[PDB]
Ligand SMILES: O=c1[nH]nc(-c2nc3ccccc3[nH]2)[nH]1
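Heads up, the chain below is alone and in the form solved without this ligand; it's given as structure tokens.
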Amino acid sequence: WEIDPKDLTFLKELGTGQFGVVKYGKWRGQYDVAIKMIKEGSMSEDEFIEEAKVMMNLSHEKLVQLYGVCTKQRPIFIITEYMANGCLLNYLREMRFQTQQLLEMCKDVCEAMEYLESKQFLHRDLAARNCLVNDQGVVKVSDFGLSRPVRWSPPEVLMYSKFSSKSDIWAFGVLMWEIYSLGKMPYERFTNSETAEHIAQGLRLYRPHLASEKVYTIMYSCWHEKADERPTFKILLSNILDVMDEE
């Protein structure tokens, strides 16, 4: 779990998107990593390590892997799976896409979230800005456990701060909409405060142009007023794979 920073080589400052930057390195001369800093005094060294251990046991191909941590200097740093094509949101906006590729992106994320659901691990901030794309165009979920969102939040979260797997389900629906809208911001004609109000009164996202009726049904199933009547990530993955068979 602990990392010696002398096992890091080929340290670089890379560009991502137009103005973004990433600290790149090689870990043990095999793994491409991004190096991220932990905010000082934001948690105990105890709390940090236990959370890092939970996160490192979360192993799935469509989760951005945490390879380890370094706590022997200030600030603490983490090293994560390097993702060449960067943020999914930026990726949606730049490029090109066939509708099959969009549904593939939804499947990738749904697999990741199915896994997290199976581990009873809540993401709490699922969104396109929190997904990354590798060189092969595979989408992976990131910014879980350690993180840096009204428009991604269900009523029960906005009103009562009730987080559950079903609040992640809701966010996933909004992420599907982000993907199929090619990276539009949800509820873009509303402010954060207006969004919270209107959502409580039953506002929902429109069907994106590129989404079929079946695709819309799936993302819309995520936005049921009652949390318990929203599907699971397993069900969603089934629904997505069925639509792939048909489309």
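Each residue number is its position in the shown sequence, starting from 1. Rigid core: the largest C-alpha set superposing within 1.5 Å between the two forms.
- The entry models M95 and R96 with a gap of 1 to 3 deposited residues left without coordinates.
- Gap check for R148 to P149: 10 or more deposited residues are absent from the model.
- Note on 207-215 vs 38-46: mean CA B-factor is higher in 38-46.
- Taking the PDB entry as given, 154-162 carries the higher mean Cα B factor of the two stretches 172-180 and 154-162.
- Looking at the C-alpha B-factors along this chain, the one for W27 belongs to the middle third.
- Looking at the C-alpha B-factors along this chain, the one for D143 belongs to the middle third.
- Annotation for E81: C-alpha temperature factor in the lowest third relative to the rest of the modelled chain, per the entry.
- For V54, the recorded CA B-factor ranks within the highest third of the chain. Only modelled residues enter the ranking.
- Sort the modelled residues of the chain by CA B factor and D135 lands in the highest third.
Keep in mind the form solved in complex with this ligand is missing from the figure; the text below concerns it.
- This chain lacks the partner; the member of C70, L182, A34, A196 within 4.5 angstroms of this ligand in the entry with it bound by a non-hydrogen atom is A34.
- Think of it this way: in the entry with it bound, this ligand has a heavy atom of just one of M83, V139, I169, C110 within 4.5 Å, and the residue is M83.
- Residues of just one listed stretch (75-83, 97-105, 152-160, 169-177) have heavy atoms within 4.5 Å of this ligand in the entry with it bound: 75-83.
- The closest heavy atom approach of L14 to this ligand in the entry with it bound falls within 4.5 Å.
- Although the partner is absent here, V22 lies within 4.5 Å of this ligand in the entry with it bound, judged by heavy atoms.
- Taking the partner from the other structure, this ligand in the entry with it bound has no heavy atom within 4.5 Å of any heavy atom of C222.
- Contact annotation for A211: none of its heavy atoms lies within 4.5 Å of this ligand in the entry with it bound.
- Contacts to this ligand in the entry with it bound (heavy atom within 4.5 Å) from stretch 39-73: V64 only.
- Among the candidates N192, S42, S59, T217, the CA atom that moves 2 angstroms or more between this form and the one not shown after core superposition belongs to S42 alone.
- After superposing the rigid core, the C-alpha of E13 moves by 2 Å or more between this form and the one not shown.
- After superposition on the rigid core, the Cα atom of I235 is displaced by less than 2 Å between this form and the one not shown.
- Comparing the forms between this form and the one not shown on their rigid core, the Cα displacement of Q201 stays under 2 Å.
- Compared with the form shown here, the C-alpha atoms of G17 and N130 sit at least 3 Å closer together in the entry with it bound.
- In the entry with it bound, the Cα positions of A171 and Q18 lie at least 3 Å nearer to each other than in the form displayed.
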